[PDB]
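Naming follows writing order (A, B, C, D, E, F, G, H and I), and every chain is counted from residue 1.
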Amino acid sequence: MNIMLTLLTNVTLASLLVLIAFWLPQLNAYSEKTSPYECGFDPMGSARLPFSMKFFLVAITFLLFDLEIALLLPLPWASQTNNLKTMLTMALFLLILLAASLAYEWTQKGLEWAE
Amino acid sequence: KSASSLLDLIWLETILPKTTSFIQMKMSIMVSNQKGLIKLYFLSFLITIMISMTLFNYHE
Amino acid sequence: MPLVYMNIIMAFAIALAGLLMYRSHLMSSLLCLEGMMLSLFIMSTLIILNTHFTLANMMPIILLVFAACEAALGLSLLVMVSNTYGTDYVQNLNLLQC
Amino acid sequence: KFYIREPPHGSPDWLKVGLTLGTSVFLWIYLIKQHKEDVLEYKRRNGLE
Amino acid sequence: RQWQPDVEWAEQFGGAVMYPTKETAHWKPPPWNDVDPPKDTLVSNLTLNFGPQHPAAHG
Amino acid sequence: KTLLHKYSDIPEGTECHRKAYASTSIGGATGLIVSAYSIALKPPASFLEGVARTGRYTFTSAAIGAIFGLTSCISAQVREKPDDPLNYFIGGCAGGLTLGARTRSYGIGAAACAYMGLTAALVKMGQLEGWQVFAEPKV
Amino acid sequence: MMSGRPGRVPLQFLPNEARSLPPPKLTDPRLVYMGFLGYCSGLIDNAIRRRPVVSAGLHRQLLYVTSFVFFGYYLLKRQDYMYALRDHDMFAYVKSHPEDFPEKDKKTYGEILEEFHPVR
Amino acid sequence: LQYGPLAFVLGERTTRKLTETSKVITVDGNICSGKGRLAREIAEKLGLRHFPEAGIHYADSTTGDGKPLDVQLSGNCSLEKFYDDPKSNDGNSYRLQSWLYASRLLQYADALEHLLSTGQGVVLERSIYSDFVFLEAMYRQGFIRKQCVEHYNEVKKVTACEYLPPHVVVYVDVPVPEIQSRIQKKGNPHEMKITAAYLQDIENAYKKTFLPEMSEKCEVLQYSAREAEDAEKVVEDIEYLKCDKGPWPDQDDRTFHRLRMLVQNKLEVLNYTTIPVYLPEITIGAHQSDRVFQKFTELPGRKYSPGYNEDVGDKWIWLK
Amino acid sequence: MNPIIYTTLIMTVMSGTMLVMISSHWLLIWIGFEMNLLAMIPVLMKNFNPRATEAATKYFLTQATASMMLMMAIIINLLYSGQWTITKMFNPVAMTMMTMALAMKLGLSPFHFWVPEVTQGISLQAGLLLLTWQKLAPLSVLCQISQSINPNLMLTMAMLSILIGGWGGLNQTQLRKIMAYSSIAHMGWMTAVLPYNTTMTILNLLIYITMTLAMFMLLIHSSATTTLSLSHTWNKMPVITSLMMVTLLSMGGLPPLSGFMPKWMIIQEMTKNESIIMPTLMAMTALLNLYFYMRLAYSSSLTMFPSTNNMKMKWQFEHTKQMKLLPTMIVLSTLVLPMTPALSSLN
């Protein structure tokens, strides 16, 4: 209800903006406008070719770190436990493993944006 | 023409040895000649899933 | 067993079909594979929240953490076939034949 | 001699043969002491002795 | 002396699969390194024109 | 398995036609299984010739099933001895002859009148004497 | 015939109550064969390294025959142990279930009516 | 304790040894171009270990006592007889070529092993990426059949792939009449009857193929015999090189570890030189194989492992 | 491949299997399964050739799908019983689902087309790893759940396993491929007796394991991948090829060799339980294995094969990599029949 009502209000409002944006103005609709653009020229025969890249490794280590961030998210609730000593050691283990993964990423090129 | 050749060297060797060897012939190249496409292998997994699931009804 | 269970089980069944019945794409297939675990994640959370299985509340994220790891390598494998072969289209994916 | 390269096992590797013999002796006396205490334990367990 | 396998006797296995029917003919044996001959050169550096208006060059 | 029971329920001889119909259905069932395997592992070119492959396989298997059923029950009624391995033999290996005719080779049909016939005799053998092919864990 | 036996301590080679059984004799024919089983391992080893098969490094042969005969000895106690237990709860189950094992009556051949088959 | 995984684990790093004195240089050129003299003077001038051209008898020169074996016991081919008859096609031509190629493979293997274990640049006479010229020319004169040629190319792709190349190669270019004059000067009658077609032909196969197929991965400094007699300039400009092209400038300690793993075990270095394909000249008969076994196994120091051969006078075998 | 990295891949694979055979919570079993999956993909890519990439990709797809169906069975028996403890299933379709999920990881049913190919792709050491260690976990799970497995399902699945294992290897010359097909046959062999009594499938697992190390270590002691390549090795290593032949005899199960003992034990217990038709099928079809076993033997040792001229300088070089355990590895896989009673130790 309430929350869902706010989400509905926002999405419909956004859609009205885009509808007025895309419908209200008038265009002559001539062909040569469709020619694509690159700083004065057009993007020749590209802008969809497979992208020979290197920071793929950074992109994937993002996800691998995101899993561990999800793992350590429950911490504020976890600090409210009786056996605080075990929670302390084991959370510290989790952050140490974060740091160790980052360090192995570091020395073995890895997070070093590939060339 | 009856004891040798036709019986020993034609018939008995044809029936047990050569016919069974030909069966293994004909069923080794229709078993181990898959190209290596993951698709057709996966649809082999597919129809097996239902044959195990509903057709035979292993659970029933 | 109410309709929510039917819906997520049925979603898993079609994810099984979509990933396993390959059409032509490796990336889209592993995409269907990771949607598979989404269906299983929702399904698992359902009983666990339903039955007050307080400990098992941590099983989904655990179940989550490994599953993305699979995709973490899957797409990682995808680039390794891609740079040499050119695409993820699995019909040229035939060199290993005999 | 002969082969100009030094043979890989052309010298008596004294330490390794030493531990091999020491082991074999250990396994042997552990074995027979084991057997003696099993037989004595058996006789004093089931009422033989 | 006895008989040892001739060159042909070793040849009959050969041929990747040694019990071939028809399509097995088009089943070239793999190389000894297990690495296939590197395929069509995809090495490219994706030419960029970087212009020509490009007002970040004094125009 | 209810399709298999559709054959088991009908005794040999009595109501021969329904037994033959059950045998047709079972032959069609194994036929559609093998046609699915062929259509799935073996890649065709066009949908029409693919379903043609399935049609050949299914119509064959159904032919063996049909003649096996009808001949088994007629052998069971004319000699009024349903408990007979030959009752299954004759119809089972006439099925082999028909299979060889389907693949236009009477040599493999004659070779089949051995193997299909003997196997039908053996399944009859087991059904009479309770011979188990998939024995349950018992001891 | 067993892993669900009551009081079965896991990852435990030789249980304490096994010692009530007769330990295998040092001259057990099985044990001495597995000592001979040690020789085959030693003789092959020299053959693999194209060393003099008959007398290459008797030190290697010694551990090969002594380790094999040792691990054989402990295995034999466990071998006898399980066979003893299988025969132990054997009679316990039979004694505790007299009905399932009726005392079959013994009748001499003078009372049975076995029919002789003329084999001509 | 040879170079093992434990070696790399406890801290054996090759990269702590490679310096500028780690150049794999090869001297190449026509037959008797004087390139051996150039290799000798380059090796002495720059403190680089010299290796002689691996011929027929390289296996014994690298293993065993070092004393040459019999031709039947080692190679079964004669370059002298190849000169005597290169068209009989009894096998000497292509068997000679294949044995030379695989001896060159062993030579390169021990050269790279010496460099990786010590750190001293190595100078060779011809290498894997160079010897093909001869066979190509040998095929132009018809001394080698087409199937032998394509098998040689197959084995060259199969063997040279794992091996990263030299650093630089000095080619002692010599005109054909000068080469004929040199072979006249030598005096060994076998190398008289060499066809000028072959002499010029290996020269084209070098010029149009070896330099442009090598130059991308390695620096070319082809020279003439007028210069190759002068030892100063040849090594001065070799010193004055960037050595910045090819796999050599870009390979870490891991590739070094894998290379040293491979080279120190010569058995699989030439694994694919076993030629798992049957060709007439290359194939040796089964009866012949067994007999040449029975006349090699009893050869001293070849029946048991080194240090285990009692026939030659080993000791403490019973506790060995 | 950094040596230490390779070691840490070793032990994470082994720990993934250990977690499988020591854990009781079902989720932990799954976790061990994917730990092993995630850990074995890089070692299969050690050589880094496109064939290796192919094999690794096929392994990844097959095993990931199988583990996802494993979680499906997991979720279903949780839903129908609310108990993560590994025991007899309480929902039938969950049991079946787990059966095919594990089988795809084992290569038993039509879910077996991956293993011959992946074995072709990778190096022979990775082949030893794949066909020896990556069976212990699925076998252990199948042993723990033997209380409720559909006997029809397991029996037919083992039957196809052995049957296409025998037939597929006939038309294969690559030693890796025929070894994969032989392993499929042995997979069917143990999985046939899996429902009846798990001690015997454990014994057959042990014998197949020891035979497989005794095999693969001989291969990469001869450094051969094709039948012709092995045939050329009749020269350099006559002792290695003779042991090649004797273990190839132990392959099929010719008495009194070791390989006969598991067949004998499996058939005897199958007959103890009124399954008399069933054992005769594998008893006959083992001749299919023995066929290409005999072909390999003929190419290896029984008949001399034409060697090569260059091959003679190999005579000058000795195998330096010791590849330890090979002698006892051969011996345990050849002469253990007079020790058959020791099977009671596993029980």
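Couple of notes before you dig in:
In this section, contacts are C-beta pairs under 8 Å (C-beta built on N, C-alpha and C of every residue); 3 or more make two chains touch, one makes a residue touch a chain.
Chain-to-protein mapping (UniProt): A = NADH-ubiquinone oxidoreductase chain 3; C = NADH-ubiquinone oxidoreductase chain 4L; F = NADH dehydrogenase [ubiquinone] 1 alpha subcomplex subunit 11; G = NADH dehydrogenase [ubiquinone] 1 subunit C2; I = NADH-ubiquinone oxidoreductase chain 2.
Taken together, chain C and chain I share the touching chains B, E.
Common neighbours of chain C and chain F, by the contact definition above: B, I. When the C-beta contacts at B-E and at D-H are tallied, the pair with the greater total is D-H.
Spacing of chain A relative to chain C, judged by their CA centroids, is 20 angstrom.
The centroid of the Cα atoms in chain B and the matching centroid in chain H are 52 Å apart. Between chain G and chain H, the centres computed from C-alpha atoms are 61 Å apart. Residues of chain G in contact with two or more other chains: 49-50, 57, 59. The set of chain C residues that touch two or more partner chains comprises 16, 20, 69, 83-86, 93, 95-98. The set of chain H residues that touch two or more partner chains comprises 2, 63-64, 276, 278, 283, 285-287, 305-306, 308, 319-320.
The set of touching chain pairs reads A-C, A-E, B-C, B-E, B-F, B-I, C-E, C-I, D-G, D-H, E-H, E-I, F-I, G-H, G-I, H-I, using the touch definition from the header. On chain B, the positions that touch chain I within their shared complex are 24, 27-29, 31-34, 36, 38, 41, 44-45, 48-49, 52-53, 56, 58-60. Taken in their complex, chain C has these residues touching chain B: 16-17, 20-22, 90-91, 93-94, 96-97.
Taken in their complex, chain F has these residues touching chain B: 1, 33, 36-37, 40-43, 111. By the touch rule above, chain I contacts chain H in their complex via residues 1-4, 6, 223, 226, 228-229, 232, 235, 304-321.
Interface of chain E with chain A (complex): residues 44, 46-47, 49-54.
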